[PDB]
Every structure is written in C-alpha cells, then in structure tokens.
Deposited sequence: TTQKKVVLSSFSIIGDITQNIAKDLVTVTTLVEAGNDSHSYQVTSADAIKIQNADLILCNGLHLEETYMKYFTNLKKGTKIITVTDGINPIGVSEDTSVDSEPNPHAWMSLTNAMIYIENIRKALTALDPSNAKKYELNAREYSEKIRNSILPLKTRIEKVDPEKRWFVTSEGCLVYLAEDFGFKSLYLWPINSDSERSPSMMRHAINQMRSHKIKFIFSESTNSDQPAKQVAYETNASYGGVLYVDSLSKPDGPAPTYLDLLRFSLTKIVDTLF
C-alpha cells in the first residue's frame, strides 16, 4: 500500500477525499501546528522516508522546511499542488508569493485536480477510482460553497472589501472580485502596514476587520477602535481546527470562514 505525505492538514484532508483509503495519507504539519514555521522532528523524518509521494503547497509555504525533503525514497517526487495558480505577491506592486491559494473556490478545484493527477500517476491501476472520487469531492465543495459566493456577490461595490490580520484572503478576493486589506502578509509585523490599513479603512468606510485562528486578535481590535469599525471575529485559514472544532475538514474550513465573512457583510 502506497504512502502519500501531505505538507499540512489542509492538503492531507483534500488528499483523503480523493484517495479514500486506496493509499495511506499522512501529514507533516498536523492541525494546530504552524505551517509557516515548522521544525521537522525525528518521527517526522520517518514519515518523509516512508513517503512514496510528497504533496506540497508551493508558493513558498514550505520554504523553511523544504531542506528536510532530502535523502528520499527512490522514485518519490515532490508535487506542488498549486501548479496552474497565478501567484499573488506579498507586496502592493515583484515580490515573494502569498501562499494562501487554497482560500478560493476556483483554486479548490485546481488543488483537487493536481492531487488527482499525482495520485493517478503514482497508482495508475486505481485511475478510475481517483477520477470518480475527485469529481464527487469537487461537486461536494461546489455545492457547499457556491451558495455562499452567490450571497457574497450581492454586496454593493463600495463595500467589496475583505479586511483581515494576516493577508490570508488575497486569493478569495481575486476569485470573487473583492479588494483585500491586511496588517501583515504572512504569520510571523510593521507599524506602516497598520497605519496604511487604518487610513484605507477610514477612506473607504470599511466596517469590519477579522483576525484568525492561529494569531492574536489584538492588532485587529486596535485597528477597529482607531477606524470606528467593528472586530469581525475569528476566521480559520492556516490550519484545520481540532476534530471537535468548527473546521475539522477543508470543506468545513472554507464553509465556516466564508459563512462568517458573509454574515458580516449582511
């Protein structure tokens, strides 16, 4: 039985829905651990050696721990599951890529397709099962998320802003046709970015700013105070929640976070 290692919980869960126990799906950065800054342990090194296929986000998500993906089993490839996704930079222009491509309905389909493709090349005798599984999961995501997009698209053009702490929604904004404002591009910053967000929120009359499940809510609340806006609450973006939490799957993560976003716009 083949072993497929996903770099973090979001990719692991997507892969599980496509493979459905045809392969063993493992995860490097488990839910609750930090996808942007991870220390690979000795036990993790065993997962890496056992991997017949390694599934990474790319867009530099794994840059600080890519060095551990060495001395690999012969034939084991590292697949970048964001292939075909136009990067969005961390600056406001050339700059490093923002890694959070999975916060997008469109990109969900691309993650799924790339994983289907890689699983099929790894395990070609199960091609028909991966094909079926990938379509079913794609439809499942679409059925849950599209009604949220439909509500979101009713927002008036003046209020088309996602304001967050980390720049975690830049791909969602591009996907749905919103503008995004944030305090720092990637979780572990700067006074000027905070000042810029405060001025932009006042200039555009923005009413809400969120924080997220793995960072502090204090900067968002301070910005809310200084802008006469409201704190929007906590979104899930960088990790699945614990199993008894609100976002224990990728589908649930998208559904929860987008629901919470719509429920502040209306």
| field | Missing C-alpha runs, given along the deposited sequence, first residue counted as 1 | value | 1 to 3, 97 to 99, 195 to 197
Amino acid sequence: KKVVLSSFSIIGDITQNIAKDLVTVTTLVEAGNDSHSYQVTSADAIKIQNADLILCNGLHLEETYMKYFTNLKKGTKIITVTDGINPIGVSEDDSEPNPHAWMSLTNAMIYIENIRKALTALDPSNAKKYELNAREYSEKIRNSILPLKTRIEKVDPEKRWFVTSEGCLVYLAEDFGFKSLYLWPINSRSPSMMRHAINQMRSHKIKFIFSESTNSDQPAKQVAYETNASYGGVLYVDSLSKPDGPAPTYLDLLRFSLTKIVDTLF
From here on, numbers count along this sequence of modelled residues.
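Basically, rigid core = biggest C-alpha set you can superpose within 1.5 Å across the two forms.
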| 200 to 208 versus 28 to 36: which one's CA atoms end up farther from this form in 4 other deposited structures of this protein after a core fit? | 28 to 36
| task | Would you mind working out which of 37 to 45 and 53 to 61 sits farther from this form in 4 other deposited structures of this protein by RMS C-alpha distance, with the rigid core as the fit? | result | 37 to 45
| said: Compared with other deposited entries of this protein, is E166 missing coordinates in at least a third of those that cover its neighbours? | reply: no
| request: Tell whether, across the other compared PDB entries, at least a third have no coordinates for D93. | output: yes
| field | Mean C-alpha temperature factor, higher of 164 to 172 and 125 to 133 | value | 125 to 133
| Average Cα temperature factor in the PDB entry - higher stretch of 135 to 143, 152 to 160 | 152 to 160
| Peak C-alpha temperature factor (PDB record), options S192, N114, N86, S104 | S192
| note | For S42, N50, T214, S35, the deposited C-alpha B-factor is largest at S35
| query | Considering only modelled residues of the same chain, in which third does the CA B-factor of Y225 rank: lowest, middle or highest? | reply | highest
| In terms of the CA temperature factor given in the entry, to which third of its chain does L265 belong: lowest, middle or highest? | highest
| Based on the entry's values, in what third of the chain does the Cα temperature factor of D238 lie: lowest, middle or highest? | lowest
| Lowest, middle or highest third - CA B-factor, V81 | lowest
| query | Mind checking which third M201 falls in for C-alpha B-factor across the chain? | reply | highest
